[PDB]
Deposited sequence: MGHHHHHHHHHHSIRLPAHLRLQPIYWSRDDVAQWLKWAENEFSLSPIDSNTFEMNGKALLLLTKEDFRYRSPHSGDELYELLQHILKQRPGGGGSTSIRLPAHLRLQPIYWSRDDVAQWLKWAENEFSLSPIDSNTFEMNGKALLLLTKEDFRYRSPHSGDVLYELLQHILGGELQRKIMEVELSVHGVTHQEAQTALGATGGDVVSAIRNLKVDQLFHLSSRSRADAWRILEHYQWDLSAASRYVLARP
């Protein structure tokens, strides 16, 4: 897989124009049927969000190859994140109709997409979570699949945000144990953290777990403070 000097940056940093150069490079390298340059009117960040089914739909003849070729480029050398603006930090479950519209305007420049008419999703965030991927495709044939997968990553980073708040709340907890503790509380970060702090303080005291629950509640969840009292008690 010998890519040209201008396509040797990681695909995540490809511009819209880079994507088009990569398509013309691929069709001549593998004798693929010619594809239209506008079939992937997006930058590298959006390209990496597409599924393999999205590639098949956009290109019925060379989509499969294109996707696998993209994966062979990703295996060559290695974290893309969604830099959400401050007004789009509320979870989509609480998005308004105007929040969805700003989300579309932000997405268009962030992924170098074709213009998305504001009227494409005349709805609040609560209705957006019920739309299927095919509804996204219908409403925006140029970018609907990107927009759907973008929404899924926003919904997934909230859970990972919660896992990190748990593990980094007390030392000694692995990333898996935090996710395990978070699922036991049904997603309650505050309860998962409280359970971890009670367990660590219970391990250091010869007293009951309920006694460890009240000491922490008094010390306002300062495990170090509550550990100092327990350690001094005989």
Deposited sequence positions missing from the model - stretches, numbered from 1, in order: 1-13, 92-95
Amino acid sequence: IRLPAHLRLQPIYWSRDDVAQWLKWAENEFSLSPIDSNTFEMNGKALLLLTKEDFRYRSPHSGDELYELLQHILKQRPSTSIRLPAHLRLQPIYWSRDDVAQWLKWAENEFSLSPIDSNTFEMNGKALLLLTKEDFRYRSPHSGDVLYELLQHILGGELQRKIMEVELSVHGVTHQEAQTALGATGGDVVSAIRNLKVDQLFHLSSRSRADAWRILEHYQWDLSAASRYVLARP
From here on, numbers count along this sequence of modelled residues.
Between 63-71 and 205-213, the record assigns the higher mean Cα B factor to 205-213
Going by the B-factors listed in the PDB entry, is the mean over the C-alpha atoms higher for 84-92 or for 129-137? 84-92
Pick out which of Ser33, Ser191, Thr51, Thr180 has the highest C-alpha B-factor in the PDB entry. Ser33
Chain-wide C-alpha B factor ranking for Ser114, given as lowest, middle or highest third: middle
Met123: C-alpha B-factor third of its chain, per the entry, is the highest
Lowest, middle or highest third: which one holds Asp99 when the chain's residues are ordered by CA B-factor from the entry? highest
When the deposited Cα B-factors of this chain's modelled residues are ordered and cut into thirds, is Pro78 in the lowest, the middle or the highest one? highest
Temperature factor at the Cα of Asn195, chain-ranked in thirds, falls in the lowest
